[PDB]
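Following: one structure in structure tokens, then a few remarks.
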Amino acid sequence: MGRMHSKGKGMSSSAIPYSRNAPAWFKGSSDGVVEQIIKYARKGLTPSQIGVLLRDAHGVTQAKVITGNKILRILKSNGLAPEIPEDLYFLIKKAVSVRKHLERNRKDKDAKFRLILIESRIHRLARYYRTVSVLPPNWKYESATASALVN
Amino acid sequence: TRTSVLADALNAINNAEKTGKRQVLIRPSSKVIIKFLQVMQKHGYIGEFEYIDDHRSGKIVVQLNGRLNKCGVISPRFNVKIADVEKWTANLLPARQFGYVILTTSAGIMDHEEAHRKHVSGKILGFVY
Amino acid sequence: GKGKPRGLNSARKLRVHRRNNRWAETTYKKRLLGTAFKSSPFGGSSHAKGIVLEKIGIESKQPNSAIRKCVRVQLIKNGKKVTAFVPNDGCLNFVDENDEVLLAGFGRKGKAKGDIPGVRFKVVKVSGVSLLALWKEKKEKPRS
RNA sequence: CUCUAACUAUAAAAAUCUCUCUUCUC
RNA sequence: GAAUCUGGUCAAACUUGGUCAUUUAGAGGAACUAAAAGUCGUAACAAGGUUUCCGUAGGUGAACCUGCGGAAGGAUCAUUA
RNA sequence: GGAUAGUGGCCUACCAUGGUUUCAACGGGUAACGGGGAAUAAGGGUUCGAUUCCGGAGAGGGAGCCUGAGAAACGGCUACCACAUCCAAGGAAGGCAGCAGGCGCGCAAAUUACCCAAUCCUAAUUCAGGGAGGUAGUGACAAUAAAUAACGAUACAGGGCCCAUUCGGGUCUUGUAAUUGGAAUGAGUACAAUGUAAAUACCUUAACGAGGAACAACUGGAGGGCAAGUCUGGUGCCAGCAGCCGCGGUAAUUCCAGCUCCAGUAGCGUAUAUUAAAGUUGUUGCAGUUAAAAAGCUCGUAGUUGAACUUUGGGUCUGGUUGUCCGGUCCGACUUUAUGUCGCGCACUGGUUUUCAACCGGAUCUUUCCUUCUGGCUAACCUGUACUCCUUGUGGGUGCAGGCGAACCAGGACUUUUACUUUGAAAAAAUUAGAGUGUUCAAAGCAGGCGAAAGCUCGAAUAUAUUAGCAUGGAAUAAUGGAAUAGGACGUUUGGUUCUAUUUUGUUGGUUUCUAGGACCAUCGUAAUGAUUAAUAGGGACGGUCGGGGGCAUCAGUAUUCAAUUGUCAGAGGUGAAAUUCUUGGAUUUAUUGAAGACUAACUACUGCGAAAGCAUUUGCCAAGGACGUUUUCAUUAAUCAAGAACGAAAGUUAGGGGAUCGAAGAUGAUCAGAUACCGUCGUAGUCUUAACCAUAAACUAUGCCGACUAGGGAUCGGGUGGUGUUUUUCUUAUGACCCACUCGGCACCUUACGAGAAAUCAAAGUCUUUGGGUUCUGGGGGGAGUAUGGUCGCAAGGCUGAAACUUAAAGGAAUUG
Ligand SMILES: [Mg+2]
Ligand SMILES: [Mg+2]
Ligand SMILES: [Mg+2]
Ligand SMILES: [Mg+2]
Ligand SMILES: [Mg+2]
Ligand SMILES: [Mg+2]
Ligand SMILES: [Mg+2]
Ligand SMILES: [Mg+2]
Ligand SMILES: [Mg+2]
Ligand SMILES: [Mg+2]
Ligand SMILES: [Mg+2]
Ligand SMILES: [Mg+2]
Ligand SMILES: [Mg+2]
Ligand SMILES: [Mg+2]
Ligand SMILES: [Mg+2]
Ligand SMILES: [Mg+2]
Ligand SMILES: [Mg+2]
Ligand SMILES: [Mg+2]
Ligand SMILES: [Mg+2]
Ligand SMILES: [Mg+2]
Ligand SMILES: [Mg+2]
Ligand SMILES: [Mg+2]
Ligand SMILES: [Mg+2]
Ligand SMILES: [Mg+2]
Ligand SMILES: [Mg+2]
Ligand SMILES: [Mg+2]
Ligand SMILES: [Mg+2]
Ligand SMILES: [Mg+2]
Ligand SMILES: [Mg+2]
Ligand SMILES: [Mg+2]
Ligand SMILES: [Mg+2]
Ligand SMILES: [Mg+2]
Ligand SMILES: [Mg+2]
Ligand SMILES: [Mg+2]
Ligand SMILES: [Mg+2]
Ligand SMILES: [Mg+2]
Ligand SMILES: [Mg+2]
Ligand SMILES: [Mg+2]
Ligand SMILES: [Mg+2]
Ligand SMILES: [Mg+2]
Ligand SMILES: [Mg+2]
Ligand SMILES: [Mg+2]
Ligand SMILES: [Mg+2]
Ligand SMILES: [Mg+2]
Ligand SMILES: [Mg+2]
Ligand SMILES: [Mg+2]
Ligand SMILES: [Mg+2]
Ligand SMILES: [Mg+2]
Ligand SMILES: [Mg+2]
Ligand SMILES: [Mg+2]
Ligand SMILES: [Mg+2]
Ligand SMILES: [Mg+2]
Ligand SMILES: [Mg+2]
Ligand SMILES: [Mg+2]
Ligand SMILES: [Mg+2]
Ligand SMILES: [Mg+2]
Ligand SMILES: [Mg+2]
């Protein structure tokens with residue numbers, strides 16, 4: 001209930017079931033689930049969409065329960081992990097969108113403040129992904145780099 | 001954010017004792033809380049507690065019997081030399097005949113009398129009486 | 001829980017916070033700035049000699065109606081001029097004009113005492129002899 | 001043990017004041 | 001092997017300005033205290049007799065007045081009458 | 001390279017452009033020499049430390065140097081500057097912050113004394129010398145013990161009284177009286193002697209030395225704080241007292257005196273400084289709603305802090321320490337003695353497996369490792385070789401090849417690193433603590449004690465310093481690191497490589513061997529082959545939403561003020577009341593309309609959104625956001641934040657645009673004693689905007705943010721679940737709208753104290769003397785004053801930062817009665 005960059009106090013979340021092992025009713029194969037994950041990734045989908053597709057259209061409760069590895073971990077084992085992590089990429093996309101809206105109309109100050117907030121969040125997440133060495137130590141965020149990474 | 005979990009546990013115990021209850025539900029349930037309540041059980045200030053596995057930090061259900069009157073953490077776990085134990089007991093415990101400054105030595109989490117018996121001392125965790 | 005930090009590695013900010021707050025006191029600020037040496041009529045001095053310039057009395061405050069018999073003295077150690085008070089019934093006549101007089105503190109930490117306005121100094125000795133010995137006729141002024 | 005109704009609506013001007021305050025124990 | 005003497009070297013110190021710091025006067029100016037039996041008003045404390053106060057701007061013997069936004073520390077915690 | 005005794009930018013030559021810093025560098029101040037220590041004292045601390053010891057520096061300020069082992073010496077020289085001295089005017093000689101003493105300074109500090117007796121030191125060395133030093137002189141700096149009377153016998157009295165005929169003996173004692181006696185003794189003098197280098201002085205002691213024992217004790221106070229007077233006289237808000245409150249105005253418990261009394265007492269009073277009081281510096285341990293004090297809000301580097309998780313159990317043996325039950329040992333009641341006896345329920349020393357119970361360890365078994373080998377050394381018997389000393393008995397051995405290494409060495413080998421904590425070596429003496437010790441006691445000192453008096457002796461103990469360093473045992477708490485591209489760990493693997501070199505073939509030079517020794521490189525297998533949860537912490541994806549969040553562009557509404565046309569006709573505005581003003585050129589109203597600019601009524605609420613300002617007509621576009629749902633994804637990415645930044649009401653400032661209303665200035669008409677104020681009519685700047693500034697508000701919930709818990713009652717907004725629910729109508733159903741129940745989040749609200757506050761009151765202002773969840777900012781009585789100055793921002797207005805001198809005993813908060 002922290003809401004890092006606002007005054008919100010919500011706790012809307014999801015409760016992972018107690019049992020780590022596979023559900024009794026699931027009949028699919030772990031290798032088939034991994035193949036499905038690989039195909040979804042090759043279609044050009046981020047891990048969160050892969051998980052949502054496996055939960056909705058199929059009986060996959062969660063990949064770690066069925067296979068034993070996580071979705072991003074499974075993709076990395078097969079070398080399909082994107083060079084920028086998904087959350088940071090989405091933050092980049094949001095930031096470039098707000099910057100476009102700003103440069104198309106100057107007088108909107110609220111979106112300017114929101115862009116400041118988004119840039120602060122981008123800096124924090126970049127620092128985290130840099131100390132873990134997911135990103136190179138020279139990775140940084142300025143104007144026209146966000147567009148290049150997004151496009 | 002939750003910085004000192006044992007502080008939350010002891011505060012919950014204090015609040016549920018002052019109101020006259022006989023049970024507490026401590027959520028985060030670390031090692032240190034388990035050892036602290038185990039010492040309190042050994043000295044009788046607590047009843048029959050319980051660890052509830054969640055696969056996520058677990059929880060604890062504590063049974064009381066009204067014998068306790070105050071827990072409390074010394075939140076900065078000060079390095080307590082063996083000479084400074086008596087000063088802490090004087091400043092915290094209400095009388096020399098009872099009370100226990102629960103402190104964590106290299107030989108485990110122990111009451112101050114037991115630590116003085118082992119002739120070993122470390123950091124201070126809290127106080128019970 | 002409290003305004004001050006409590007961590008085991010927060011000695012620096014606690015110490016500097018105490019050091020910055022200490023200036024709120026008046027004794028500490030006076031002691032560190034050294035205001036007594038620079039601005040006070042005496043620099044850290046309990047007593048000081050001086051020369052009588054003139055012989056004036058000052059009226060008291062509202063609830064107290066009288067004229068306290070003081071004396072204006074120019075200090076010899078540095079040249080400052082201060083009013084001082086001769087404490088007793090018949091001691092004004094004892095001190096004469098243009099004689100060395102040893103002034104002391106007035107007992108109220110360099111502030112005006114009682115109903116006497118704009119004075120901060122007693123008179124203990126005149127022309128080498130003390131006022132109290134003159135007032136009880138134990139010694140007499142040398143009249144030099 | 002059963003219910004939601006009645007209603008208003010005046011403003012003229014008017015400054016100032018000197019002393020002196022005094023114990024509560026079977 | 002003395003005086004003397006060539007070049008350095010350590011360099012005190014002198015002259016000349018420059019600079020800063022502390023004392024140091026100084027025509028005059030703007031103040032603040034204390035003293036409360038001066039004078040002109042009576043702003044505030046009650047609805048202080050124009051409710052009060054804050055920010056900002058203008059004005060005027062003086063407190064103060066006015067304009068625009070606030071706040072109740074308001075004189076209302078209240079119109080499903 | 002030079003110089004140095006020697007390392008060293010210590011200096012030179014040539015290169016490189018580096019070194020420190022928000023963990024405060026650099027600069028400034030220090031009425032700063034550092035330390036051992038001193039004062040103060042519940043604990044934590046605050047202040048001081050020029051000076052008896054250790055270091056450093058200096059000899060008026062500066063530089064330079066000879067001699068030596070050692071000096072940048074100064075009671076050694078050279079020169080300059082400052083200050084000076086004798087002078088025969090040519091010259092010469094100076095260094096007290098050494099002991100004395102003087103001038104000056106200032107509140108502030110000693111005699112031109114004796115002497116090498118004692119401590120030592122220098123020298124050729126006992127002997128000489130030493131103002132080092134000791135002795136005396138002055139010395140109320142501080143510190144120790146302590147005189148100023150003690151006891152009778154008498155008169156004036158009081159209490160326990162034999163009872164109570166009034167009594168009253170005083171039966172039993174305790175004081176008060178200029179009555180009255182006998183004693184003792186010093187403070188002083190002083191034969192002596194001791195003392196001392198010689199003398200004082202002290203210890204001893206002749207002879208004197210107490211009656212008012214004049215051999216005479218003061219310093220402050222007597223309203224309160226604060227022990228002791230409402231006694232006498234004097235002065236009358238004078239004189240004066242009074243640290244503060246206060247007394248003094250003709251009866252002063254406070255001023256000046258006399259009497260009495262109180263406190264300390266050879267000391268007491270004042271002044272400044274400082275400590276405890278001060279929980280008024282608050283780490284322990286302060287407060288911020290209104291008393292002083294939460295930055296207007298948000299982001300954010302440094303700093304501080306940061307979820308849980310990685311062997312917990314057991315069984316045995318065994319070592320100390322306890323309390324156990326008693327053994328031996330024995331002692332208290334029995335008194336000149338004891339045992340038999342009365343047991344303190346054993347005053348010394350054991351069985352301490354008597355179960356007991358711990359309180360600490362040590363070794364052992366876990367798939368349970370504690371660094372392991374490589375040679376020693378094999379210490380030790382799983383060795384079995386020759387065998388058995390002795391009862392046929394594994395009690396017990398003489399002993400040699402394997403072979404036990406933690407019983408220990410001394411060597412290669414790898415060492416995750418810390419923070420923490422136990423122990424020890426260390427932290428000079430003096431000081432503090434503290435043991436022993438009759439200096440006559442004590443401050444002290446390190447002395448002393450015991451013989452028969454015939455030399456015999458125990459001492460000169462200990463602890464602490466909390467930081468830094470060194471060693472050591474421990475492994476909870478806190479942090480870091482392994483294996484994710486396997487470049488991971490092991491092995492008799494099996495291959496190759498630079499080598500290295502003991503010996504060996506004499507030695508020396510290479511060539512290869514061999515043996516043994518690190519890796520660089522492949523390949524071969526052994527293995528459970530290697531990735532903790534996904535926080536009722538966070539970020540992100542998705543879903544339907546929700547909102548007067550924000551921007552741009554459009555749309556409407558009546559209203560206002562003008563204008564056009566039209567209508568009639570004396571008034572219309574406005575006010576407490578009037579007047580200024582407009583009106584038969586027909587105003588005020590009357591109908592249509594038109595123009596402009598602003599605004600968004602009623603719906604509008606203890607309702608919503610937003611970080612705060614703030615946001616209210618319709619529609620479209622633009623992006624953003626909270627909340628909920630989620631068996632989605634990453635796995636600590638987080639909380640608060642110095643530096644830095646973004647927004648920031650109104651007002652105000654530059655320009656360009658507009659220009660309706662309302663209205664700072666101004667113009668007046670009233671009211672008044674005045675009214676250039678409030679009431680009224682006009683009325684510029686402004687209000688409304690596009691750019692650029694401004695950064696302040698009672699920017700208020702006067703309540704910082706994040707996190708946990710604690711108590712009952714309803715409603716309300718957004719979301720989501722369920723109802724065998726109700727109307728809806730599209731025949732039924734799906735929605736929607738309600739009804740009931742629950743849940744999450746938000747603005748809120750009622751009751752209550754069982755909690756907190758000085759209360760008003762707060763469901764947080766609670767979980768705070770039973771004081772510690774993390775963290776930022778601010779306040780230390782009022783005024784001066786948010787002033788001056790110095791920075792910095794601004795065109796300006798002004799914003800941020802921001803004292804002191806001085807003055808004052810209160811200012812202030814809440815509530816109670818008038
Ligand atoms: Mg007068
Ligand atoms: Mg020369
Ligand atoms: Mg008048
Ligand atoms: Mg008034
Ligand atoms: Mg009026
Ligand atoms: Mg008026
Ligand atoms: Mg008024
Ligand atoms: Mg100095
Ligand atoms: Mg010193
Ligand atoms: Mg010092
Ligand atoms: Mg000095
Ligand atoms: Mg010295
Ligand atoms: Mg020297
Ligand atoms: Mg000198
Ligand atoms: Mg020599
Ligand atoms: Mg010299
Ligand atoms: Mg000399
Ligand atoms: Mg010398
Ligand atoms: Mg010489
Ligand atoms: Mg001298
Ligand atoms: Mg001397
Ligand atoms: Mg003196
Ligand atoms: Mg003397
Ligand atoms: Mg006497
Ligand atoms: Mg007296
Ligand atoms: Mg007196
Ligand atoms: Mg008197
Ligand atoms: Mg009294
Ligand atoms: Mg009298
Ligand atoms: Mg306070
Ligand atoms: Mg106020
Ligand atoms: Mg205030
Ligand atoms: Mg605030
Ligand atoms: Mg940081
Ligand atoms: Mg932790
Ligand atoms: Mg010592
Ligand atoms: Mg002592
Ligand atoms: Mg080889
Ligand atoms: Mg989570
Ligand atoms: Mg809905
Ligand atoms: Mg108009
Ligand atoms: Mg008309
Ligand atoms: Mg509307
Ligand atoms: Mg709404
Ligand atoms: Mg800041
Ligand atoms: Mg404006
Ligand atoms: Mg304009
Ligand atoms: Mg006007
Ligand atoms: Mg007028
Ligand atoms: Mg007006
Ligand atoms: Mg108008
Ligand atoms: Mg402000
Ligand atoms: Mg404020
Ligand atoms: Mg103040
Ligand atoms: Mg102020
Ligand atoms: Mg300025
Ligand atoms: Mg009040």
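Chain identifiers are assigned as A, B, and so on, following the order in which chains appear in the structure tokens; residues are numbered from 1 within each chain, and ligands are numbered from 1 in order of appearance.
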Ligand 56 neighbours within 9 Å using only C-alpha atoms (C1' of nucleotides) and all ligand atoms, as a PDB file with C-alpha atoms (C1' of nucleotides), in the first residue's frame:
```pdb
ATOM      1  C1'   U F 789      25.056  43.538   7.479  1.00  0.00           C
ATOM      2  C1'   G F 790      27.323  39.893   3.953  1.00  0.00           C
ATOM      3  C1'   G F 791      25.980  36.704   0.119  1.00  0.00           C
ATOM      4  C1'   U F 792      22.450  34.873  -3.577  1.00  0.00           C
TER       5        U F 792
END
```
Nearby residues, ligand 8, 12 Å, only C-alpha atoms (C1' of nucleotides) and all ligand atoms, as a PyMOL selection string: chain F and resi 30-33+50
Atoms to include: C-alpha atoms (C1' of nucleotides). Write the selected residues as a PDB file, in the first residue's frame.
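For reference, out-v6.pdb as written:
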```pdb
ATOM      1  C1'   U F  30      40.379  30.162  18.846  1.00  0.00           C
ATOM      2  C1'   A F  31      41.028  35.589  25.345  1.00  0.00           C
ATOM      3  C1'   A F  32      43.898  26.797  21.585  1.00  0.00           C
ATOM      4  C1'   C F  33      50.267  24.522  23.282  1.00  0.00           C
ATOM      5  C1'   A F  50      49.070  28.469  31.268  1.00  0.00           C
TER       6        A F  50
END
```
Any idea which chain C residues end up within 10 Å of chain E if we count only C-alpha atoms (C1' of nucleotides), as a PDB file with N, CA and C atoms, in the first residue's frame please?
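So the final result, stored in part_19.pdb, reads:
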```pdb
ATOM      1  N   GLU C  59      16.259  58.312  38.839  1.00  0.00           N
ATOM      2  CA  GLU C  59      14.969  57.920  39.380  1.00  0.00           C
ATOM      3  C   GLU C  59      14.736  56.430  39.153  1.00  0.00           C
ATOM      4  N   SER C  60      13.857  55.864  39.966  1.00  0.00           N
ATOM      5  CA  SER C  60      13.556  54.446  39.914  1.00  0.00           C
ATOM      6  C   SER C  60      12.405  54.189  38.942  1.00  0.00           C
ATOM      7  N   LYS C  61      11.882  52.966  38.962  1.00  0.00           N
ATOM      8  CA  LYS C  61      10.810  52.560  38.062  1.00  0.00           C
ATOM      9  C   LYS C  61       9.467  53.065  38.591  1.00  0.00           C
ATOM     10  N   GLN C  62       8.375  52.551  38.033  1.00  0.00           N
ATOM     11  CA  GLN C  62       7.031  52.984  38.404  1.00  0.00           C
ATOM     12  C   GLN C  62       6.636  52.570  39.822  1.00  0.00           C
ATOM     13  N   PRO C 117      17.192  51.839  36.671  1.00  0.00           N
ATOM     14  CA  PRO C 117      17.292  51.705  35.215  1.00  0.00           C
ATOM     15  C   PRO C 117      18.662  52.080  34.670  1.00  0.00           C
ATOM     16  N   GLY C 118      19.124  51.276  33.718  1.00  0.00           N
ATOM     17  CA  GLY C 118      20.365  51.555  33.010  1.00  0.00           C
ATOM     18  C   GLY C 118      21.619  51.525  33.857  1.00  0.00           C
TER      19      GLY C 118
END
```
Apply DSSP to the structure's backbone, then extract all residues of stretch 15-67 of chain B labelled strand (DSSP E) and return them as a PDB file with C-alpha atoms, in the first residue's frame.
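For reference, out13.pdb as written:
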```pdb
ATOM      1  CA  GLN B  23      -3.860 -14.224  21.655  1.00  0.00           C
ATOM      2  CA  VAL B  24      -1.923 -12.306  19.003  1.00  0.00           C
ATOM      3  CA  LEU B  25      -1.494 -12.766  15.244  1.00  0.00           C
ATOM      4  CA  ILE B  26       2.023 -11.713  14.229  1.00  0.00           C
ATOM      5  CA  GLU B  50       2.312 -21.422  16.837  1.00  0.00           C
ATOM      6  CA  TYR B  51       3.947 -21.070  13.408  1.00  0.00           C
ATOM      7  CA  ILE B  52       1.620 -21.081  10.386  1.00  0.00           C
ATOM      8  CA  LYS B  59       2.857 -16.227  10.432  1.00  0.00           C
ATOM      9  CA  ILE B  60       2.629 -16.780  14.194  1.00  0.00           C
ATOM     10  CA  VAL B  61      -0.353 -17.202  16.511  1.00  0.00           C
ATOM     11  CA  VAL B  62       0.566 -16.393  20.114  1.00  0.00           C
ATOM     12  CA  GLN B  63      -1.385 -17.567  23.155  1.00  0.00           C
TER      13      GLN B  63
END
```
Contacts of residue E:60 within 9 Å, only C-alpha atoms (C1' of nucleotides), excl. fewer than 2 positions in-chain, as a ChimeraX atom specification: /E:64-65 /F:676
